[PDB]
Every structure is written in structure tokens, then in C-alpha cells.
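Chain by chain, the residues run as shown.
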Amino acid sequence: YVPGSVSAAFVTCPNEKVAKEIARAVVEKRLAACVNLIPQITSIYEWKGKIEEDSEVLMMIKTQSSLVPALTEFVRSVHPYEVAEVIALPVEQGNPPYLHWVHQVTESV
Amino acid sequence: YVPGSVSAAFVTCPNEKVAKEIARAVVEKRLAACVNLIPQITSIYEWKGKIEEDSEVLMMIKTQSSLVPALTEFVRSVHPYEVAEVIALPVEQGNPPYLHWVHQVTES
Amino acid sequence: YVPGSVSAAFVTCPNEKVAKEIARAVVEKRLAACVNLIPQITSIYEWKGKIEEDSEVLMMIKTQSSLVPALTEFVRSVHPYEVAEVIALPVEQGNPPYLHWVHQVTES
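Residues numbered from 1 in each chain as written, not as in the entry; some residues may be left out. Chains lettered and ligands numbered in written order. Heavy atoms only, no water.

Considerations on the overall build of chain B
Thought 1: Looking only at helices and strands, chain B has three helices and five strands in total.
Thought 2: Element order for chain B, N to C, with α for helix and β for strand: β-α-β-β-α-β-β-α.
Thought 3: Over its C-alpha trace chain B gives a radius of gyration of 15 Å, about what one expects of a compact globule, namely 13 Å for 108 residues.
Thought 4: For chain B, the spread of C-alpha atoms along the principal axes amounts to about 45 × 25 × 25 Å.
Thought 5: Expressed as a percentage of the 108 residues in chain B, the buried residues total 56%.
Thought 6: Accessible surface, chain B as shown: approximately 4700 Å² in total, 55% of it carbon and sulfur.
Thought 7: Averaging the positions of the 9 positive and the 13 negative side-chain charges in chain B gives two centres separated by 5 Å. (Helix = DSSP H or I, 4+ residues; strand = E, 2+ residues; numbered from the N terminus. Rg over C-alpha atoms; globule rule 2.2 N^0.38 Å. Buried < 20%, exposed > 50% of the residue type's maximum accessible area, 1.4 Å probe, protein only. Areas by Shrake-Rupley, 256 points an atom, 1.4 Å probe, with all protein chains shown as cover. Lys, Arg positive; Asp, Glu negative; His and termini not counted. Charge placed at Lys NZ, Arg CZ, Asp CG, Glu CD.)

A word on the nonpolar core
Thought 1: Formed by 49 residues in total, the largest nonpolar core has its most connected members in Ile87 of chain A, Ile87 of chain B together with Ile87 of chain C.
Thought 2: Among all residues touching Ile87 of chain B, those that are not within four sequence positions of it are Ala8, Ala9 and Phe10 of chain B together with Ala8, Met60, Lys62, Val91, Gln93, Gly94, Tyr98 and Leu99 of chain C. (Core = buried A, V, L, I, M, F, W, Y, C linked by side-chain atoms within 4.5 Å. Contact = heavy atoms within 4.5 Å.)

Section: the packing of helix 1 (residues 16–28) of chain C against helix 2 (residues 68–78) of chain C
When two helices pack together, their arrangement is captured by the angle between the axes and the distance separating the axes.
All names here are of chain C.
Thought 1: Running from amino to carboxyl end, helix 1 crosses helix 2 at an angle of 145 degrees, the nearest separation of the two axes being 11 Å. The handedness of the crossing between helix 1 and helix 2 is right-handed. Only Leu71, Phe74, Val75 and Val78 of helix 2 make contact with helix 1, whose side of the interface consists of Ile22, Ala25 and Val26.
Thought 2: For the contact of helix 1 with helix 2, a count of residues per class yields seven nonpolar, no polar and no charged. (Axes fitted to C-alpha atoms, helices over the stretch in contact; angles between N-to-C directions. Left-handed = near helix turned anticlockwise from the far one by under 90°. Nonpolar A, V, L, I, M, F, W, Y, C, P; charged D, E, K, R; others polar.)

Quick notes on the pattern of salt bridges
Thought 1: Inspection of the entire model under this criterion finds 13 salt bridges over all chains.
Thought 2: Between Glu53 of chain A and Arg24 of chain B there is a salt bridge; the shortest N-O distance is 2.9 Å. Here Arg24 of chain B lies in helix 1 (residues 16–28) and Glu53 of chain A lies in strand 3 (residues 50–64), a pairing that spans two chains.
Thought 3: On the accessibility criterion, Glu53 of chain A (35% relative accessible area) is partly exposed. (Salt bridge = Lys/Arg side-chain N within 4 Å of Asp/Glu carboxyl O.)

A closer look at the interface of chain B and chain A
In many analyses, interface size is given as the accessible surface area lost on bringing the parts together.
Thought 1: The interface of chain B with chain A comprises 28 residues on the first partner and 28 residues on the second.
Thought 2: The largest per-residue losses of area from chain B upon contact with chain A belong to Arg24, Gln93 and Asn95 of chain B, which jointly make up 26% of the total buried on that side.
Thought 3: Inspection of the region where chain B meets chain A yields two salt bridges.
Thought 4: Linking chain B with chain A are nine residue pairs in polar contact, by the criterion used here.
Thought 5: The element best represented in the side of chain B that touches chain A is strand 2 (residues 34–47) of chain B, accounting for seven residues. (Buried area = accessible area lost by both parts, 1.4 Å probe. Polar contact = N/O pair within 3.5 Å; in protein donor to acceptor, adjacent residues only side chain to side chain.)

Side note on the relation of the copies chain C and chain B
Thought 1: Structural alignment of chain C on chain B gives an RMSD of 0.4 Å, achieved by rotating through 121 degrees and translating 0.1 Å along the axis. Accordingly, the operation relating the two chain copies is best matched by a three-fold axis. Among all C-alpha atoms of chain C, that of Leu89 of chain C lies closest to the rotation axis, at 4.2 Å. (Least-squares fit on C-alpha atoms.)

Considering the interface of chain C and chain B
Thought 1: The interface is formed by 28 residues belonging to chain C together with 27 residues belonging to chain B.
Thought 2: Summed over both sides, the interface between chain C and chain B buries roughly 2300 Å², with carbon and sulfur atoms accounting for 65% of that surface.
Thought 3: In this assembly, chain C and chain B are joined by two salt bridges.
Thought 4: On the surface where chain C and chain B come into contact, there are eight residue pairs in polar contact.
Thought 5: Residue assignment for the side of chain C that touches chain B shows that the elements contributing at least two residues are helix 1, strand 2 (34–47), strand 3 (50–64), strand 4 (86–91), strand 5 (93–94) and helix 3 (96–104) of chain C.
Thought 6: Among the elements that take part in the side of chain C that touches chain B, strand 2 of chain C stands out by supplying seven residues, more than any other.

Re unusual backbone geometry
Residue and element names in this part refer to chain C.
Thought 1: Even without being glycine, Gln40 reaches a positive phi, approximately 75 degrees.
Thought 2: Counting through the fold element by element, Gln40 comes out in strand 2.
Thought 3: Of note in this structure, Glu82 is not a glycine but carries a positive phi near 100 degrees.
Thought 4: Tracing the backbone shows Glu82 in the loop between helix 2 and strand 4.

Digging into the packing of aromatic side chains
Each aromatic ring pair is summarised here by two numbers: the centre-to-centre distance and the angle between the ring planes.
Thought 1: If you walk through the whole model with that rule in mind, you get three aromatic pairs over all chains.
Thought 2: Considering the side-chain rings of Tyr98 of chain A and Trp101 of chain A, the 5.8 Å spacing of their centres and the 40 degrees angle between planes classify their relative orientation as tilted. Placement of both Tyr98 of chain A and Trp101 of chain A in helix 3 (residues 96–104) is noted, with a separation of three residues, approximately one turn of the helix. Note on accessibility: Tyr98 of chain A and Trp101 of chain A belong to one class, buried.
Thought 3: Geometrically, the ring pair formed by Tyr98 of chain B and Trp101 of chain B is tilted, given 5.8 Å between the ring centres and 35 degrees between the ring planes. Residue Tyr98 of chain B and its partner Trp101 of chain B are both found in helix 3 (residues 96–105); the two are separated by three residues, about one turn of the helix.
Thought 4: Residue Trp101 of chain B is classed as partly exposed on the basis of its relative accessible area of 21%. (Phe/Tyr/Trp six-rings, centres within 6.5 Å; stacked < 30°, edge-to-face > 60°.)

Encoded structure:
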């Protein structure tokens, strides 16, 4: 395992149906090895000077770090918002056969 | 995008109502760009030798890394418990215009 | 605070009753200081040429970075999976007495 060669990316979505469309497509396209959907989130941020509280879904995405720029761009291309929240945090350690799988199921088309 | 220059911080609150109040507060004060609250969490740890399980709310907060010290101090004050659990993890990549927006709505 | 001396590990489990026995066991063995269980996740991934969506529980475990291999070995020895997902992310900043507490309850 090379530290930092896998990453967990977060993306938030307006509802569960868009989240699952997008989760299903990143995996079909091999941009990611798996996606965990966390429903029922409440997002709180400022917009147009006012504080909003939206009902959302958070996606946690496991992919190779070298693929996050293509993941992200795919995300921008389909996402309802027009500035989509994508962040990716490096995996330093883990289950060595899990990490390998992430690499396998996501490499070389 | 400068790697490491935005962090995602995670904070555990005893219930929705305090979590929402803190989340509102840190965003109004521009200590954070946005906060995701995740309800119906269960936390398990040792207390004075013995396993507990609490019912809580986990907050994920995005903000500039150089702001992590003040957010944490804000969270410490404001308080229910004595030791506030805040950890921040470095964001290495992501959607540039989004990360740019984080830096601007918390800017200096 | 030594940056990256604490880690946040994510483990995905089939249900609440499994995540909970593992959660209790890692805390008890002092492989971890604190575990949060996030219920009601959907996992999406390709298996056998098609998309699977399973109903699952995500655990988030705070512990000493130096303890992750022993954490991971234990998780793998008790976990129904057959390739359990365990990933760890370095905690670069946060609440120093909290982080000191993570180290004390898992002390070497």
C-alpha cells in the first residue's frame, strides 16, 4: 500500500435519487470502486447573505487519488447545483486487500 | 487549489438542537463555509473504566485550515461537554471553484 | 499535538448489531478511543457485472495512527466480510485535550 494512493472524496446532493444516479454512474464508469450514501443530512451554509438549512445526502466515495480529477469533472458535468461540493481526503493506511481491490476495480480501460 | 489549505473538521454534539445552534453560529461568524449534520449517531467509548453508548449528532464542517484553531476555540467555549471532540482532516484535492468559495465566505 | 499521530478509520459493517460488537470490542481492547456508528447507509458498487445497493452501517473510529495495523488486523479477524473496508485518514489538527485523551486511553 502506497500512502495517499487511495482517497475518500465527499460529495453532497439535494436528495437520494440524484445521489444514487450519480453513485451508480461513477461506479459503472469505474471512476470509483464504491460509494456510501449517508441520508438525512442537514446542510447549513450562507447564501445571498442569509443562513440556509437544506435537506441533503452525503456521498463518501473510495477511489484512487489519481482518479479524483476525473471523478470531480464527471461530478461537475451531471450535478444539479452548478458549483458542486467535492473534497477528497488521502487514505494513509488501511486493509491491504481492500485497498488493492479499490485499485483493481478502478484501473486501466 | 493549494493541497491542505481546506480541512474537513468533525465535531460530535449531544443532540440536534445544540448541533444546529453551533452550526449556525460558526457559519454566521465566518469560521466555516458549510456544515453537514448527520443525526442518529451512536458513540461508544470508555468512561472511568467502563463502556458507554451515547446518542449524538456528528457535524462535518468545511473551512480553511488556518481557521481550524479559532473554530475549535469557539466550539470549546459554547460547550456541553468539558472535552469537545474536534478533529480536522486535510483536503488534498477537490472541485476548485467550490474550494475557492470556501476560502472566500470565510476570508480574512 | 503531533500532526498525524491520531487517525480516523472508516469501517463499513452489514448492520447495527455487528458494528456494535466490533465497536465495543475495539474500545475494550484499547485499539480505539471512540467509535461513532452512522446508521442507515446505502453502499453502491459493482459485483458480478451489475450494481449492488446494500443497507449498511459506517463506523468511524478515532485512534492512534500507530495502532491502525493492530486495529485493522483485529477488524479482519472478527468481521463477517471476507475483504472488510478499513481506511484511515490522518488528523492533522483539532482539540488538543481531546486528542491527548485519545492517546491516554489507548496508551502503549
